[PDB]
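Read the structure below first, then the notes.
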Amino acid sequence: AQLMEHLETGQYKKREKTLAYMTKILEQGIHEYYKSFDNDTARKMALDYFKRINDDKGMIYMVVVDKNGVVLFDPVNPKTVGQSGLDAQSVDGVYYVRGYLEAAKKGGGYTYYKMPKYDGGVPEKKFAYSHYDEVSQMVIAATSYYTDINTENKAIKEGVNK
Amino acid sequence: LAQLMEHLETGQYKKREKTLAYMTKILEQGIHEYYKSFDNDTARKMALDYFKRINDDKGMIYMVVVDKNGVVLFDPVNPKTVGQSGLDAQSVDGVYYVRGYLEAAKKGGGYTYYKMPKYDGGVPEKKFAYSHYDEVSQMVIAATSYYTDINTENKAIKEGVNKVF
């Protein structure tokens with residue numbers, strides 16, 4: 001029991017670090033767009049790319065806000081796009097956009113809250129790593145769901161139990 | 001404890017294999033945004049400039065890229081191989097690693113296991129590659145990781161299991 005708890009916690013901490021790395025490499029990727037296309041086109045390319053990531057339904061799901069907290073990308077909550085998210089709350093009462101901004105102002109960090117995986121779905125616990133990308137002038141958040149981390153680690157868990 | 005640690009390590013490596021497949025998919029999706037609008041030479045130069053930056057990060061993954069025929073397009077560890085056929089390239093442990101990339105890609109994606117330095121002139125160490133043929137770019141793209149790095153990333157988990165004993 002104690003072993004499984006510390007294992008699960010360690011797997012979550014590892015994923016936190018993975019998200020900071022993935023955010024860095026995603027930034028470096030979209031910088032190609034910004035170097036070579038006009039600003040409006042580069043942003044469109046970034047958000048089309050992030051849609052494709054989310055549509056993959058894999059390790060991470062992106063959320064993007066501007067430095068003032070205007071939501072730029074969030075397919076779970078499409079009606080929020082283009083509006084201030086400063087007063088947006090998750091169902092567990094977290095001002096998730098404020099969290100993104102607070103983490104970014106510190107040079108990167110984490111926000112913890114519940115949200116569905118898709119619009120209208122069951123809410124579940126997740127976390128976001130957010131960072132301010134100087135080139136795009138976007139606060140980019142890579143996010144993962146604890147259910148998915150557990151799924152990915154299920155074979156490890158079953159081996160330890162065996 | 002020993003059997004525990006063994007099955008744990010093996011499981012962590014298997015997890016990383018899956019991670020590499022996913023990261024390759026999202027990297028392909030990223031580069032496609034400009035393959036769709038620029039000429040091949042320009043788009044390829046951009047993709048490989050990006051991949052240089054990934055490798056320079058010295059983090060989870062390092063890229064290697066070859067063409068469908070095994071010409072090496074990108075490998076900062078082995079810069080003299082770039083622009084040459086890699087079909088007879090052998091790792092220090094005797095693996096035809098480019099042949100491995102291509103055989104894995106022919107199957108729809110897969111793995112190649114070999115020893116290689118982390119940088120040009122470094123000590124060789126054990127690694128693996130996930131490779132996949134990206135039809136849009138017409139490149140065989142390999143995301144790679146070193147076992148030493150996986151172990152480093154998992155050290156706090158290992159120490160926690162050890163403390164519980």
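Naming: A, B, ... by sequence-line order, numbering from 1 per chain.
- More than 12 heavy atoms of other shown residues, nucleotides or ligands fall within 6.0 angstrom of atom OH in B:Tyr113.
- Of the atoms belonging to B:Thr19, heavy atoms from both backbone and side chain fall under 4.5 Å from chain A.
- The aromatic rings of A:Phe37 and B:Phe38 sit parallel to each other, their planes meeting at less than 30°, with 60° as the upper class boundary.
- For A:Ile60, the parts lying under 4.5 angstrom from a heavy atom of chain B are both the backbone and the side chain.
- Of residues 47-55 of chain B, those residues lying under 4.5 Å from chain A by any heavy-atom pair are B:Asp49, B:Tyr50, B:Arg53, B:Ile54.
- Pairs of residues two or more places apart, or lying in two chains, that qualify as salt bridge (charged side-chain N to carboxylate O under 4.0 Å, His left out) and include a residue from residues 81-95 of chain B are B:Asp88-B:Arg99.
- A:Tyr95 and A:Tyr110 end up in different hydrophobic clusters when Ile, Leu, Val, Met, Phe, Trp and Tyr side chains are linked at under 4.5 Å.
- Only the side chain of B:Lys25 comes within contact range of chain A, judged by heavy atoms closer than 4.5 Å.
- Using a 4.5 Å cut-off on side-chain heavy atoms (C-beta onward), B:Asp57 and A:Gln28 make contact.
- A heavy-atom distance below 4.5 Å is not found between the side chains of B:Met23 and A:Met59.
- There is a path of hydrophobic side-chain contacts, each under 4.5 Å, that joins B:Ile157 to B:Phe165.
- In this view, A:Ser84 and A:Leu86 satisfy the side-chain contact (heavy atoms from CB on, under 4.5 Å) rule, not counting sequence neighbours.
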Sequence neighbours left out, cut at 3.5 Å: what donor-acceptor pairs do the side chains of residues 134-141 of chain A make with other protein atoms?
{"residue": "A:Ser136", "atom": "OG", "partner": "A:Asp133", "partner atom": "OD2", "Å": "2.7"}
{"residue": "A:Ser136", "atom": "OG", "partner": "A:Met138", "partner atom": "N", "Å": "3.3"}
{"residue": "A:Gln137", "atom": "OE1", "partner": "A:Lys67", "partner atom": "NZ", "Å": "3.4"}

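- Pairing each heavy atom of B:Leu4 with each of A:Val160, the nearest pair is CD1-O, 3.7 Å.
- Remark: B:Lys15 NZ to A:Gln11 CD distance equals 8.0 Å, nearest 0.5 Å.
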